[PDB]
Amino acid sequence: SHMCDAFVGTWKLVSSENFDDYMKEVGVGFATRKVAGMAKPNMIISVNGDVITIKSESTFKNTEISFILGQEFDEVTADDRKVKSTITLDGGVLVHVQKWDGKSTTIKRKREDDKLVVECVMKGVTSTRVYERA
């Protein structure tokens, strides 16, 4: 058993709060905000050795990242930003920092009860997205 066991599985979005305002703060344009805001993604997390994979599948876009903790990688986000990402484990929370254009956003993923809680922060703006097992 190991590092991210409690994250692994297939998860479905059940609630979102403040996501439009997070996207605005990130710089996402009107049409993408509207369409992306409607999506109810499935997030699929798996681990093979040191490599963690997080897939998001939805009507808007499918994305996939594979990474080693602490090791920077290039990511194309659902909204089409070209970012440089680093993901670490900090006290049982996956902490994902994305850098692009002199800007930065941090996404935290944590297990709380039977949920996977995703908190997205851009300057002073936080969005909380809650997932349940699919």
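The first residue of the shown sequence is 1; numbering continues from there.
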Of 76-84 vs 24-32, the stretch with the larger average CA B-factor in the entry is 76-84
For 42-50 versus 55-63, entry-based mean Cα B-factors point to 55-63
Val14: CA temperature factor from the record, placed by chain third, in the highest
For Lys103, the third of its chain by CA B-factor is the highest
On the chain's distribution of Cα B-factors, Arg111 falls within the third called lowest
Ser1: CA B-factor among chain residues, third -> highest
